[PDB]
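See the structure below:
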C-alpha cells in the first residue's frame, strides 16, 4: 500500500476528503490532503513538497514551473454569498452584492430585513474561491473592478478575515447578521446558513442548485490544457458565480502511478456522482473523458 500527500484548494476539500477516505476503505492506500488554499497549493506544487497540488484558479503558462504542469479538472461548483440572518429571505442584484462588499450597503433594512448592520466575512489566505468571487464582483460592478479587482488575494474595503472556506463559514455562523462567500456545500448541508436569490446576467434571481450551477458551468470554454473560467455566465437559469477546480500533477514523477490510481478512482461515475450531495457539479461526460486522458498522459 502507498501513501500520497496533496495540498491546496479548500473549495473541493469536502469532496476530495470523501474520495480519499473511500479510496482508503477500498484499497488500503492512504491519500492525505491539506486544505491550505490554492495560493499555498500552487506554492507547494512549485516547491515539490507534495505529490500533487490543487487550485481553483488555473495557472497561466508564464507561472508554470519549467518542469511543466498538468491540470486535471475534478469537479465544479457554485460559490455562494452565504449568510446568517434567520428570517431574512435575501434577494440581491449584482450591483447590490458588490455594494455590500464595497461597504456601500451596510444595513439589512436595505433588503427589507431585520438584523441591523451587515457584517462581511472574507478570506485571509490566498484563495481560488476569492479569485472566483472577485472575478464575478469585477464583472458585476465597474466600481469593484476599478477599486478592488480580482485575484487570489485582494484589498477588502470592509470585513473580517477567515482562514479557508471552513474559517469563512465558521465566521459567518459565529456572527449574527453576517455574509461571506463559500463553496455551496457549506450552505446546502448546514441548516444555519442560507444563500440569496442572486441576479444572473440574464436578469433572473437564482439560487445555487444542480440545475443552476451546471447551467453556469456549462458556459465555460476550456483551452487545450483544460483551463477556463466565466465570471458571469449567460443563460436564463445560470448561477452567476461558478468555478471549476483542478488537481495539479507533475508531467513526470516517480510516484505518478499511485497518483494515477487515485485520480482514476475519483473520476469514476460512482465517485463523481457524490458531487451534488456535497454541493458540487460532477464533470460532464465529455470533460470527464478529457480529464481521464490527462491522467493517462502522466509518466
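In the deposited numbering, the protein residues as written are 28 to 326.
From the three backbone atoms N, C-alpha and C, an ideal C-beta is built for every residue, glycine too.
Next on the checklist: Taking 6 Å as the limit between beta carbons, can you name the residues of its chain near residue 41, skipping five residues before and five after?
Outcome noted: 212 and 305
Item to check | Segments assigned beta strand (DSSP E), at least 3 residues, entirely inside the stretch 121 to 176 | outcome: 146 to 150
Item to check | Neighbour-count burial assignment, residue 81, 16 or more Cβ in a 10 Å radius | outcome: buried
Next on the checklist: Can you tell me which residues form a DSSP beta bridge with residue 273?
Outcome noted: 82 and 100
Checklist entry - Taking the runs of the alpha helix (DSSP H) that are 4 residues or longer, which of them lie wholly in the stretch 225 to 253? => result 237 to 244
Item to check | residue 253 and residue 321 closer than 9 Å at C-beta | outcome: yes
Item to check | Close-in-space but distant-in-sequence residues of the same chain around residue 222 (CB under 7 Å, 5 per side omitted) | outcome: 107, 108, 109, 214, 234 and 235
Checklist entry - With burial defined as no fewer than 16 other Cβ atoms inside 10 Å of the residue's Cβ, what is the status of residue 226: buried or exposed? => result buried
Item to check | C-alpha gap between residue 285 and residue 260, whole angstroms | outcome: 37 Å
Checklist entry - Excluding sequence positions up to five away, which residues of its chain have a Cβ less than 7 Å from the Cβ of residue 143? => result 135 and 204
Checklist entry - Is it the case that the Cβ atoms of residue 278 and residue 101 are separated by a distance below 9 Å? => result no
Checklist entry - Thinking C-alpha only, which one of 61, 32 and 38 is nearest residue 271? => result 38
Next on the checklist: Using 9 Å as the threshold, is the C-beta distance between residue 308 and residue 104 below it?
Outcome noted: yes
Next on the checklist: Between 174, 231, 224 and 264, which has its C-alpha nearest residue 129's C-alpha?
Outcome noted: 174
Checklist entry - In whole angstroms, what separates the C-alpha of residue 119 from that of residue 224? => result 6 Å
Checklist entry - Counting Cβ pairs closer than 8 Å, one from the stretch 286 to 299 and one from the stretch 310 to 324, do we hit at least three? => result yes
Checklist entry - Where do the N-terminal and C-terminal ends of the beta strand (DSSP E) with residue 34 fall, by residue? => result 30 to 35
Next on the checklist: Bridge partners for residue 57 per DSSP, in chain order?
Outcome noted: 30
Checklist entry - By Cβ distance below 6 Å, which residues in the same chain neighbour residue 34 in space, the five residues on each side in sequence not counted? => result 61, 63, 68, 71 and 77
Checklist entry - Below 9 Å between beta carbons: does that hold for residue 177 and residue 202? => result no
Checklist entry - Per DSSP, what kind of secondary structure is residue 302 in: helix, strand or coil? => result coil
Checklist entry - Thinking C-alpha only, which one of 166, 131 and 98 is nearest residue 314? => result 98
Checklist entry - Within this structure, are the beta carbons of residue 200 and residue 29 separated by less than 9 Å? => result no
Checklist entry - By the 10 Å Cβ neighbour count, where 16 or more other Cβ atoms means buried, how is residue 89 classified, buried or exposed? => result exposed
Checklist entry - Taking residue 290 as the reference, which of 269, 323 and 266 has the closest Cα? => result 323
Next on the checklist: Taking the alpha helix (DSSP H) that residue 212 belongs to, which residues open and close that run?
Outcome noted: 212 to 215
Item to check | Length of the line joining the Cα atoms of residue 316 and residue 57 | outcome: 25 Å
Checklist entry - Between the Cα of residue 168 and the Cα atoms of 126, 189 and 75, which residue gives the shortest distance? => result 126
Checklist entry - Does the Cβ of residue 232 have 16 or more other Cβ atoms within 10 Å, making it buried, or fewer, making it exposed? => result exposed
Checklist entry - Would you report the Cα separation of residue 50 and residue 44, rounded to the nearest angstrom? => result 10 Å
Checklist entry - Helix or strand or just coil, what does DSSP make of residue 205? => result strand
Checklist entry - Buried or exposed: residue 146, going by 16 or more other Cβ atoms within 10 Å of its Cβ? => result buried
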